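Each chain, written out:
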Protein chains: 2
Amino acid sequence: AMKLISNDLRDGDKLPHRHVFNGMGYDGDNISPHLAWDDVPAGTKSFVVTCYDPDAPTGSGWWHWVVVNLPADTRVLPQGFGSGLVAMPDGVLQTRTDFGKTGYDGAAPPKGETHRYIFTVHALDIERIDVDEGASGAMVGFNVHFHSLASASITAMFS
Amino acid sequence: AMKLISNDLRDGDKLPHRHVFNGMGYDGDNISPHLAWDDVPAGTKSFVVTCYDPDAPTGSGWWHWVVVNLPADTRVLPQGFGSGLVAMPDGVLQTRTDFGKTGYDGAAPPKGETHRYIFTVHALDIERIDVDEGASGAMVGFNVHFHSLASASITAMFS
């Protein structure tokens, strides 16, 4: 029964300022949160980690961060993994977000709105998904849908 | 009361093969459908046209086609406008789809599934949205949400 925990986030609590966006009217530190998981399914060959806001009023939500092809032995993403603080393990790729770039960028909702910022880890049954860094969050999501063995998430609320 | 019509599509009917994707197991012609609109709101300064599948199992649906900054006098997109058959009017941009490129690419659902393929035209209150060709459908959608005066759509069902 795969579990996702974090030294930074608490499921259902407010997203700490450390992980809020640093512009667009906000002044958060824009650092990806620590994430750690356990009890993965047998047959796991890689992981995908994402940050998605289902409440962004765009017609398709908003992908904040997408990490693919994490090797089967991965059980943690240190704080700042999506922010240039951590070396990328071989074969890992950070793919394209709705901000038109790769890597993590935090919450920055319309002033006064509170959205869900869902951090999810998916265990896949394939070692590598066939994508490059220009792949959209939906394109990764398509691959996740057909290859997922299990998932676990933590949702942080912002504002 | 803005209306959207088409020489090719009929709201609620099957998407013709001419507009289905040409690969991924399908052999449609992959040509964008004709779209035409009328009775636009006063204050309209530009239009955005999109094709979205809310039923794609990706976590965020799928953006098939996004066209922005169509001038205020636009009332039609000839067949193939998103397929290289039509010259781009000055200032018009086709932005990034979930297929990781610009331009129209048609329906190609999981074998045997029937999804909605929604074609929408939005009348905006601003002449240009500040995006380049790398902007995601959500990024365009964010701009549409804050600038839309009205919208009209036609939904085609595929398979």
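Residues numbered from 1 in each chain as written, not as in the entry; some residues may be left out. Chains lettered and ligands numbered in written order. Heavy atoms only, no water.

Regarding how it was determined, this PDB entry cites X-ray crystallography in its header, along with a resolution of 1.66 Å.

The title given for this PDB entry is "CRYSTAL STRUCTURE OF E.COLI YBHB PROTEIN, A NEW MEMBER OF THE MAMMALIAN PEBP FAMILY". Its UniProt record, at the heading Subcellular location, says of chain A: "Cytoplasm". (UniProt positions renumbered as here; feature names shortened; annotations may be inferred.)

**Q** What is the right way to look at the pattern of salt bridges in this model?
**A** Where side chains of opposite charge bring their charged atoms close, a pairing between them can arise. One pass over the structure, following the stated rule, counts 8 salt bridges over all chains. Of the charged contacts in the structure, one is a salt bridge between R128 of chain A and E127 of chain A, with a shortest N-O distance of 3.8 Å. Judged by relative accessible area, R128 of chain A falls into the exposed class, the value being 60%. Judged by its relative accessible area of 49%, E127 of chain A is partly exposed. The partner of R116 of chain B in a salt bridge is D55 of chain B, with the nearest N and O atoms 2.8 Å apart. Of this pair, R116 of chain B sits in strand β7 (residues 115-124) while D55 of chain B sits in the loop between β3 (46-53) and β4 (62-71), and the two are 61 residues apart along the sequence. Relative accessible area serves as the criterion here: at 29%, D55 of chain B is assigned to the partly exposed category. (Salt bridge = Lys/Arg side-chain N within 4 Å of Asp/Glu carboxyl O. Buried < 20%, exposed > 50% of the residue type's maximum accessible area, 1.4 Å probe, protein only. Helix = DSSP H or I, 4+ residues; strand = E, 2+ residues; numbered from the N terminus.)

**Q** Got a minute to help me understand the sheet that holds strand β6 (residues 93-94) of chain B in this structure?
**A** Each strand in a sheet pairs with another by means of backbone hydrogen bonds, the pair being arranged parallel or else antiparallel. Read from one edge of the open sheet, 5 strands run β6-β4-β3-β7-β8 (chain B), paired in antiparallel fashion. The strands lining the two open edges of the sheet, one partner per strand, are β6 and β8 (148-158) of chain B. (Pairing = 2+ DSSP bridges.)

**Q** Teacher, can you tell me more about the sheet that holds strand β2 (residues 35-38) of chain B here?
**A** Strand order in the open sheet formed by 3 strands is β1-β2-β5 (chain B), with antiparallel pairing between adjacent strands. Of all strands in the sheet, those bounded by a partner on one side alone are β1 (3-5) and β5 (76-77) of chain B.

**Q** What am I meant to see in the relation of the copies chain B and chain A here?
**A** Look at the two chain copies: a rotation about an axis and a shift along it is all it takes to match them. Of the transformation placing chain B onto chain A, the axial shift is 0.0 Å and the rotation is 180°, giving an RMSD of 0.0 Å. Here the transformation between the copies is reduced to the relation of a two-fold axis. Residues of chain B ranked by C-alpha distance from the rotation axis are headed by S60 of chain B, positioned 2.5 Å from it. A symmetric contact is evident, with 100% of the interface residues of chain B recurring at the interface of chain A. (Least-squares fit on C-alpha atoms. Contact = heavy atoms within 4.5 Å.)

**Q** Mind showing me how you'd approach the side chain of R96 of chain A here?
**A** Summarising the element assignment, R96 of chain A is placed in the loop between β6 (93-94) and β7 (115-124). For the buried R96 of chain A, no salt bridge is present, and the opposite-charge side chain at shortest range is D132 of chain B, 5.7 Å distant. Within the local environment of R96 of chain A, its side chain forms a polar contact with the backbone oxygen of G134 of chain B, the two atoms lying 2.8 Å apart. Excluding residues that lie within four positions of it along the chain, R96 of chain A makes contacts with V66, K101, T102, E133, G134, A135, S136 and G137 of chain A together with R96 and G134 of chain B. (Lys, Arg positive; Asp, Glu negative; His and termini not counted. Polar contact = N/O pair within 3.5 Å; in protein donor to acceptor, adjacent residues only side chain to side chain.)

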